Every structure is written in C-alpha cells, then in structure tokens.
Amino acid sequence: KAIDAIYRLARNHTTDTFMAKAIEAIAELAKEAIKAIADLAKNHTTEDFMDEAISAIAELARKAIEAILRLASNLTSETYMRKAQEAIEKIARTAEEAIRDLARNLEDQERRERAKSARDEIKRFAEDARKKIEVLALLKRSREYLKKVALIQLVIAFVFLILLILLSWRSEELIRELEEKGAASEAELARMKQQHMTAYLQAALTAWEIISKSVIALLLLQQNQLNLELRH
Amino acid sequence: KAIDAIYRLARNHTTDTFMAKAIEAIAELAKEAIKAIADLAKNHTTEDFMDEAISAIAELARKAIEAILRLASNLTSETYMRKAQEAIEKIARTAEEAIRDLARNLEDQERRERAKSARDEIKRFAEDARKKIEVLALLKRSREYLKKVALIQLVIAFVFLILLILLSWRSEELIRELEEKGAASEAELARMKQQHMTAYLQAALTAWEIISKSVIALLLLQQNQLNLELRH
Amino acid sequence: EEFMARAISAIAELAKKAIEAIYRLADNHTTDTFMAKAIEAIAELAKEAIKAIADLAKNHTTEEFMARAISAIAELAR
Numbered sequence: 079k080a081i082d083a084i085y086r087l088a089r090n091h092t093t094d095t096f097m098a099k100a101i102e103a104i105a106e107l108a109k110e111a112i113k114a115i116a117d118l119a120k121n122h123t124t125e126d127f128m129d130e131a132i133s134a135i136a137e138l139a140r141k142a143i144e145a146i147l148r149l150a151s152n153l154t155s156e157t158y159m160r161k162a163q164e165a166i167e168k169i170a171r172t173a174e175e176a177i178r179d180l181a182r183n184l185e186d187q188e189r190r191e192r193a194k195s196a197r198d199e200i201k202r203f204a205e206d207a208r209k210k211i212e213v214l215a216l217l218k219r220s221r222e223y224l225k226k227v228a229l230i231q232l233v234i235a236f237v238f239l240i241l242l243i244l245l246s247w248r249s250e251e252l253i254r255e256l257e258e259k260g261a262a263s264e265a266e267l268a269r270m271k272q273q274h275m276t277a278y279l280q281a282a283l284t285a286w287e288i289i290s291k292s293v294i295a296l297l298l299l300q301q302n303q304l305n306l307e308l309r310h
Numbered sequence: 079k080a081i082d083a084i085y086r087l088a089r090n091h092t093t094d095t096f097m098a099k100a101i102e103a104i105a106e107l108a109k110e111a112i113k114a115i116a117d118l119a120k121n122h123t124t125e126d127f128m129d130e131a132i133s134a135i136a137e138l139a140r141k142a143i144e145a146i147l148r149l150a151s152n153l154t155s156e157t158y159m160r161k162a163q164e165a166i167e168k169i170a171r172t173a174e175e176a177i178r179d180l181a182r183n184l185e186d187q188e189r190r191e192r193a194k195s196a197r198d199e200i201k202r203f204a205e206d207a208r209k210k211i212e213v214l215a216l217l218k219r220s221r222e223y224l225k226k227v228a229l230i231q232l233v234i235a236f237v238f239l240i241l242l243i244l245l246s247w248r249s250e251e252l253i254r255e256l257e258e259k260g261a262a263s264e265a266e267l268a269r270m271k272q273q274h275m276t277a278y279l280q281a282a283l284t285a286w287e288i289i290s291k292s293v294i295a296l297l298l299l300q301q302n303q304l305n306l307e308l309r310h
Numbered sequence: 001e002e003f004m005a006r007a008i009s010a011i012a013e014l015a016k017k018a019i020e021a022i023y024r025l026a027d028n029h030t031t032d033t034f035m036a037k038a039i040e041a042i043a044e045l046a047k048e049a050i051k052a053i054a055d056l057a058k059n060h061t062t063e064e065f066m067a068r069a070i071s072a073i074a075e076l077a078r
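Chains B, A and N are the protein sequences, given in the same order.
In the entry's author numbering, each residue's number is its place in the first sequence (first place is 1) plus 78.
In the entry's author numbering, each residue's number is its place in the second sequence (first place is 1) plus 78.
Numbering follows the entry's author numbering, with no gaps: position 13 of the third sequence is 13.
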C-alpha cells in the first residue's frame, strides 16, 4: 500500500526535491519490506507463505525499482542518479535474494521460472545503473582533473616566463644605472653581468625542467583516463 | 509511430544538426518505450502481452538502432559517432533485456529463437560501435599527445641551445671589452673566464640531463600507446 | 504505397545502369586510370543507392519492401 501510494503520487512530481524524497521513501520501504516478507516466509515450507511472499516481493521489488529509476530518468545529474542507483541496488539485492530463496523453497516450477525472470531484471537494473554511473562519473572526473591540471601548468609556465623577463629587465636596469653614472668599473660591471646572466640561467634551466615534469603529470593522467575508457 | 516517423524523415537529412537531432530523438523514445512496454508486459503471463511486447520491441529496438547507426555512418567524427554510440547502447541494453525477459516468459520457442537473434544483434551493434570508438579515439589521443610532447620537447631543446650560445657570446663580449680597455688585470680576467665557463658548464650539464628526461617522457608514452594498440 | 515501391527500383536502376556503363568501358580498357575511375564512380553510385534503399525499406512493416531492397541491394552490391 505504501509503495503504490508513494509511486502513484511520486510519478506526478515536477521538482527535484520531491522526486528525491520519493526515491528514498520508495527504497526504504521496499527494501525493509522485502527482507522482512521473505525472512518470515523462509521459516516455513507452507505454499501459502511461499506464494504470498514470492508474488508480493516480485511485484514490490520491481515497482519500487522501476519507480525509482523512472524518477531518476528526469534527474540525470549524479546527485540524483546516484541516490536512485543506491536506492535501487539496496532494493534489488534484497529482492534478488528474497525471491531466490523463496522460489527455490517452493515445488512449483512456474513460480521458480517467473521468479528467475524477476530476479534477473532486478539485478540488472542495479548493475546497469551502477556501470553507467561509475564509469561515466569517473571519466568526467578524469577529464576535469586533467583540464584543471593543464590550466595549472599553463599558469606555472607563464609565471616562469614572467620571472625570466623580470630577470632580463633587472639586468639591463642595474647595469644601465651604473654605466650612466660611472658608478662601477668595467671589471665590476663584467662581474655583475655574469651574475645577472647566471640568475637568468638558473631560472631558465629550471623552467624547462619543470615544464618536462608538467608534461609527465599529464601523461600519467592520460594513461589513467585511457585505462578507464578502455576497460569500461 | 514516433520512431517510424522520425526515421522516415531522418534518413532524408543532409546536415549534421538535423541528423544529430534524429539520433537523440530516436533513442529517447525507443529507450523509454522499450523499457515501458516490457516493464508492463513482464507483469503478466498472458501471451497477448508477451507477443505484443516481444514483437514491438524487437522491431522498435532494431529500427531505432539501425536508424541511428546509419545516420552516424554519414557523420564519422567522434562528436556524432559518440552520440550515436551512446544513443545505441542505451536502446540496445534496454532492448536486450526487455526482449530477454519477455521471451523467456513466453512458452513459444519460436518467439524465443527469433528474440535471441534480435538480442544478439542489438547487443553487438552497441559493442561494435563501442569498441571502435574507444580504441581508435584513445589511439588518436595518444598519438596527438605524443606528437605535441615531442614538439614541446624540441622547443625545450632549442631554448637550451639558445641559452648556451648566449652564455658563450656574453663570455666573449665581457672579456673583450675589458681586454680592449685594459680595465681588468689578467688575474681578474682569468677568474672571470672561469666564471663564464662555469656558467656555460652549468647550462650544458642541465640541458643534457633534461634531454634525457624528455626522452623518458616519450618512452612512457610509447609504452602506453603500445599497450593500447596491442590490446585493442 | 507506389512512391516508396518505385523509389527502390528507381534508385537501384539508375545506379545499376551507371555502374554497368562505367564498368563496361573500364573492362574494355587496359588503362589503369580508367579502371580506377570506374572503381571510384561505382562505389559512389552503389553507395548512395544502397543507403537510400536500405533506409527506405526499413521504414515499412512488410515483406514487399524488404524483398525489393534485398534484391536491389544484393544486385547493386554484387
């Protein structure tokens, strides 16, 4: 009664908040109910428990999952698709097992065959939602992370270039002031010129080393993304 | 009606925009319809639901996939081939399962055998498109990345060579000015000459170390590309 | 209807005649360039005719269309 009531009302929602409340409300009850119905039915061989529990669960489990996945289909961002997938997996695993044990404890092969079909669609709804979210979400994070890294690395390359121009400018300014004033001998200036060029050198050599390291951080990320996309 | 209407019109497109709209339009409806048709038919054993749903889905699923893949065949770049593959996989997984469960719930082996053939071509259309895009797209990114890296590394090697010639030139200029003027003693000049050669040395030693590191970044990429091409 | 039914035959008919004509000239010729011209021309003629037919026929619910397209494509293709 509670799942049909929730689903009848949930299917008419227009907002994320209310659809999300239905996703949790539907799974909390279908999961607890299914586990309880079977746990009770599993403790006796009478066909009355087996039939009521197999039938109640196959319908309850599927409606609860289908209702959740359909609400989720209108909410395709990870926030809600993940709540929906988790809500589904909790119902679905409970139901796959609840249906499986009750079906095997009943001598009627017809309940077992219909139960097998219910078990497989239930498992697959959870697995389908799980594979799509986990692989696509991880691919999105890998791409976002790599782009952010490339942007960080560009900022680093630009600040190294800024440091090199600042060193070049200071060298020209420091010497020019002294030469214009006659404030240093040529020997003193020659030593300063080497010190200025040496600082330029230290900056240049490092900037190039860091750019090589920056490339490696990106290749490590490209290798990671490749293996995720390839393995799906 | 909606898929046949979309496909009848979609097959006559000449632009990327309109073919792409059909790719999404076809999958949105075939996927939702197939899931709904089977989810409803799966809740009763009557042969009327099984036959209408198995037949409706095998035809709907295949036309929707075939229409998408054929539109995609005229749009072979990743932008559209990926929309097409995703559009196909969503229909195809929904349809493989929808067909599978309905076929097993019907006692007529003929529906099951025709349904099995439909299930396998449906799964394969999605898997065929998936393997071609994922491996080829990843190989293209690995090759582009490696080429870009080699170009970055060449720029780095050239700027190290520039730095070395600048140091050599400054050494000659700084000494020549002092020797021409008599502005430094020979002992002072000898010390400067070692300082100039020492800066040359620091630059040279580092340039060679970085080139070795640059080679390693490329071998790491070559190893990555090799394993992708080899494993396909 | 008649348009769809004739279009499969017409699409294949025009490409088929153009294929035979360019092929026949190329078959009579010993020039590599002319053979290559027929090869590329033939691919364009059959490629468009096959795609147009296959999609036209798949928008029908009857064996009339699959029959017209299977025969039309199998002949253009072979």
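Virtual Cβ for every residue (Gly too), placed ideally from N, Cα, C.
Of the listed residues the options, nearest to residue i (C-alpha basis)
i                    : options                           : result
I132 (chain A)       : A:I166, A:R148, A:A265 and A:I115 : A:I115
residue 68 (chain A) : B:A207, B:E199 and B:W286         : Absent from the structure is residue 68 (chain A), since the part of chain A shown begins at 79 and ends at 310.
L107 (chain A)       : A:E125, A:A170 and A:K225         : A:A170
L147 (chain B)       : B:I240, B:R89, B:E258 and B:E266  : B:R89
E251 (chain B)       : B:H274, B:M128 and B:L118         : B:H274
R254 (chain B)       : B:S290, B:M270 and B:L241         : B:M270
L229 (chain A)       : B:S263, B:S290 and B:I200         : B:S290
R208 (chain B)       : B:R160, B:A136, B:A235 and B:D94  : B:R160
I8 (chain N)         : N:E75, N:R78 and N:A52            : N:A52
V227 (chain A)       : B:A295, B:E164, B:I240 and B:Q187 : B:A295
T123 (chain A)       : A:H91, A:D179, A:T157 and A:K113  : A:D179
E164 (chain A)       : A:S263, A:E307 and A:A105         : A:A105
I84 (chain B)        : B:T95, B:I101, B:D94 and B:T93    : B:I101
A262 (chain A)       : B:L149, B:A261, B:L267 and B:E258 : B:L267
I240 (chain A)       : B:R248, B:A282, B:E258 and B:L239 : B:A282
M35 (chain N)        : N:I19, N:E64 and N:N59            : N:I19
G260 (chain A)       : B:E257, B:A265 and B:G260         : B:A265
For residue j and residue i, believed in contact at Cβ under 8 Å, the rounded distance
i              : j              : result
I177 (chain B) : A162 (chain B) : No, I177 (chain B) and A162 (chain B) are not in contact; Cβ-Cβ is about 21 Å, not under 8 Å.
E167 (chain A) : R197 (chain A) : Between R197 (chain A) and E167 (chain A) the Cβ distance is about 14 Å, and since that is not below 8 Å, they are no contact.
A277 (chain A) : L245 (chain B) : Not quite, the Cβ-Cβ distance comes to about 14 Å (not below 8 Å), so this is no contact.
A119 (chain B) : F127 (chain B) : 4 Å
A69 (chain N)  : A54 (chain N)  : 6 Å
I42 (chain N)  : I22 (chain N)  : 6 Å
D129 (chain A) : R189 (chain A) : 7 Å
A5 (chain N)   : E63 (chain N)  : Actually they do not touch by this definition, with Cβ atoms about 12 Å apart.
Cα-Cα separation between residue i and residue j, rounded to whole angstroms
i                    : j              : result
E185 (chain B)       : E191 (chain B) : 11 Å
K210 (chain B)       : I243 (chain B) : 49 Å
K141 (chain A)       : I81 (chain A)  : 8 Å
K99 (chain B)        : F203 (chain B) : 20 Å
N152 (chain A)       : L214 (chain A) : 18 Å
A57 (chain N)        : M66 (chain N)  : 6 Å
residue 33 (chain A) : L306 (chain B) : The structure shown does not extend to residue 33 (chain A), since chain A spans only 79 to 310, so no value can be given for it.
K201 (chain B)       : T172 (chain B) : 10 Å
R221 (chain B)       : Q303 (chain B) : 7 Å
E205 (chain B)       : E212 (chain A) : 21 Å
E1 (chain N)         : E137 (chain B) : 45 Å
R86 (chain A)        : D94 (chain A)  : 17 Å
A26 (chain N)        : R309 (chain A) : 43 Å
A139 (chain B)       : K113 (chain B) : 10 Å
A181 (chain B)       : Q187 (chain B) : 8 Å
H91 (chain A)        : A111 (chain B) : 52 Å
Buried or exposed (CB count within 10 angstroms, at least 16 for buried), residue i
i              : result
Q300 (chain A) : exposed
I39 (chain N)  : exposed
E144 (chain A) : buried
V293 (chain B) : buried
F236 (chain A) : exposed
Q272 (chain B) : buried
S195 (chain A) : exposed
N183 (chain B) : buried
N28 (chain N)  : exposed
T284 (chain A) : buried
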